[PDB]
Amino acid sequence: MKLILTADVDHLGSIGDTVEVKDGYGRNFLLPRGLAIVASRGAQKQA
RNA sequence: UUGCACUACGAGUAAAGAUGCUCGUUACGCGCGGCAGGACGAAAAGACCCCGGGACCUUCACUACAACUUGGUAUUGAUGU
Ligand SMILES: *C(=O)[C@H](CCSC)NC=O
Ligand SMILES: [Mg+2]
Ligand SMILES: [Mg+2]
Ligand SMILES: [Mg+2]
Ligand SMILES: [Mg+2]
Ligand SMILES: [Mg+2]
Ligand SMILES: [Mg+2]
Ligand SMILES: [Mg+2]
Ligand SMILES: [Mg+2]
Ligand SMILES: [Mg+2]
Ligand SMILES: [Mg+2]
Ligand SMILES: [Mg+2]
């Protein structure tokens, strides 16, 4: 699943860049901790 | 229990062991008490045996299945080597 992240994650990206991740790292670690959101409209709220 | 009935015996004969058929012999009609030789006595659609069917049991008979177990894949991520 692809994510527009909000914090800084080592080995994954800086703020705001969209990146696809292995779908268990998304819903278990980056989404409950608030470090990312989905990529459906935030690319327009980043651009 | 019961097809009948004024239901003898001998030698025969016959589905090959006869109250009932042949040839003889014997026996007045009807009861009561006893005995248990026959009526292949009664009872039980022979348990034996065989044929057909069934059931349960056995196992290195056949096919399955539970259980137990093997790997892949999903749940399932991150980082070094
Ligand atoms: C033999 O096993 C025996 C014979 C019966 S005699 C008519 N049966 C026993 O049950
Ligand atoms: Mg997945
Ligand atoms: Mg005779
Ligand atoms: Mg005679
Ligand atoms: Mg006569
Ligand atoms: Mg007489
Ligand atoms: Mg008498
Ligand atoms: Mg007798
Ligand atoms: Mg009898
Ligand atoms: Mg019989
Ligand atoms: Mg397994
Ligand atoms: Mg498995």
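When reading the values below, keep in mind they use all heavy atoms of this one structure, side chains included, and skip hydrogens, waters and symmetry mates. Naming convention: chains lettered A, B, ... in sequence-line order (proteins, then strands); numbering from 1 in each chain.
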**Asked** In whole Å, what is the span from the CE atom of A/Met1 to the P atom of B/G77?
**Response** 11 Å

**Request:** Check whether any side-chain heavy atom of A/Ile37 sits under 4.5 Å from a side-chain heavy atom of A/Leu3, and report yes or no.
**Result:** no

**Item:** Furanose pucker, B/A18, classified by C1'-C2'-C3'-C4'
**Value:** south

**Item:** Complementary nucleotide of B/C32, counting Watson-Crick and G-U pairs under 3.5 Å
**Value:** none

**Item:** Side-chain N,O (A/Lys22) to OP1/OP2 (B/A78) below 4.0 Å
**Value:** yes

**Request:** Test the consecutive nucleotides B/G17 and B/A18 for base stacking (six-membered ring centres under 5.5 Å, planes under 30 degrees) and report the result as yes or no.
**Result:** no

**Message:** Just the rounded figure in Å: distance from P of B/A78 to CG of A/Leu30.
**Reply:** 10 Å

**Whole-Å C1' distance, B/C62 and B/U73** = 35 Å

**Item:** Whole-Å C1' distance, B/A14 and B/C23
**Value:** 16 Å

**Message:** Return the CD1 to CG distance between A/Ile15 and A/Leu35, rounded to the nearest 0.5 Å.
**Reply:** 12.5 Å

**Message:** When both hydrogen-bonding distances must be under 3.5 Å and the geometry is Watson-Crick or G-U wobble, what is B/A11 paired with, if anything?
**Reply:** B/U22

**Pucker family (sign of torsion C1'-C2'-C3'-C4'), B/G20** = south

**Request:** Considering only atom P, compute the distance from B/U7 to B/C32 and round it to an integer number of Å.
**Result:** 16 Å

**Planes under 30° and centres under 5.5 Å for B/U7 and B/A8** = no

**Request:** Name the nucleic acid region contacted by A/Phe29, choosing base, sugar-phosphate or nothing; use a 4.0 angstrom heavy-atom cut-off, strictly under.
**Result:** nothing

**Prompt:** Can you tell me how far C1' of B/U79 sits from CG of A/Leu12, to the nearest Å?
**Reply:** 13 Å

**Asked** For atom P, what is the distance between B/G10 and B/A18, given to the nearest Å?
**Response** 9 Å

**Request:** If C1'-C2'-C3'-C4' is positive it's north, if negative it's south, so which is the sugar of B/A11?
**Result:** north

**Item:** A/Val19/A/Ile4 under side-chain contact (heavy atoms from CB on, under 4.5 Å): CA gap, chis, key distance, verdict
**Value:** CA-CA 7 Å; A/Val19 58; A/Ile4 299 167; over 6 Å; no

**Prompt:** Paired with B/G37: which nucleotide, if any, by Watson-Crick or G-U wobble criteria at under 3.5 Å for both distances?
**Reply:** none

**Pucker family (sign of torsion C1'-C2'-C3'-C4'), B/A15** = south

**Request:** Show your working on side-chain contact (heavy atoms from CB on, under 4.5 Å) between A/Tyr25 and A/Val9 and close with a plain yes or no.
**Result:** CA-CA 12 Å; A/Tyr25 192 67; A/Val9 181; 3.8 Å; yes

**Request:** Can you tell me the pairing partner of B/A61 across any strand shown, Watson-Crick or G-U wobble, with both distances under 3.5 angstrom?
**Result:** none

**Message:** Measuring only the P atom in each nucleotide, how far is B/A39 from B/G52? A whole number of Å is fine.
**Reply:** 36 Å

**Asked** Does B/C21 stack on B/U22, meaning their six-ring centres are under 5.5 Å apart and the planes differ by under 30°?
**Response** yes

**Message:** Rounding to an integer number of Å, can you tell me how far A/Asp23 CG sits from B/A74 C1'?
**Reply:** 12 Å

**Message:** For the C1' atoms, the ones on B/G17 and on B/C40, what distance do you get once it is rounded to whole angstrom?
**Reply:** 8 Å

**Item:** Closest contact, heavy atoms only, A/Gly16 versus A/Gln46
**Value:** CA-NE2, 3.4 Å

**Item:** Nearest heavy atoms of A/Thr6 and A/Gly34, plus distance in Å
**Value:** CB-O, 4.1 Å

**Prompt:** Which base, if any, makes a Watson-Crick or G-U wobble pair with B/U1, both distances under 3.5 Å?
**Reply:** none

**Message:** Please give the distance between the P atoms of B/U1 and B/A44 as a whole number of Å.
**Reply:** 6 Å

**Syn/anti state for B/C56 [syn: chi within 90° of 0]** = syn

**Prompt:** Going by the sign of the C1'-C2'-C3'-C4' torsion, is the sugar of B/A74 north or south?
**Reply:** north

**Prompt:** Can you check the A/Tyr25 OH to B/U75 P distance for me, whole Å?
**Reply:** 17 Å

**Prompt:** B/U76, B/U79, B/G77: which one has an atom nearest the side-chain heavy atoms of A/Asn28?
**Reply:** B/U76

**Request:** Mind calculating the distance between CG (A/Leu3) and P (B/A78) to the nearest angstrom?
**Result:** 12 Å

**Request:** Would you check, one step at a time, whether the test side-chain contact (heavy atoms from CB on, under 4.5 Å) holds for A/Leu31 with A/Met1?
**Result:** CA-CA 11 Å; A/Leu31 292 177; A/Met1 63 185 291; 4.0 Å; yes

**Message:** Taking the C1' atom in each of B/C9 and B/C51, what is the distance between them to the nearest angstrom?
**Reply:** 46 Å

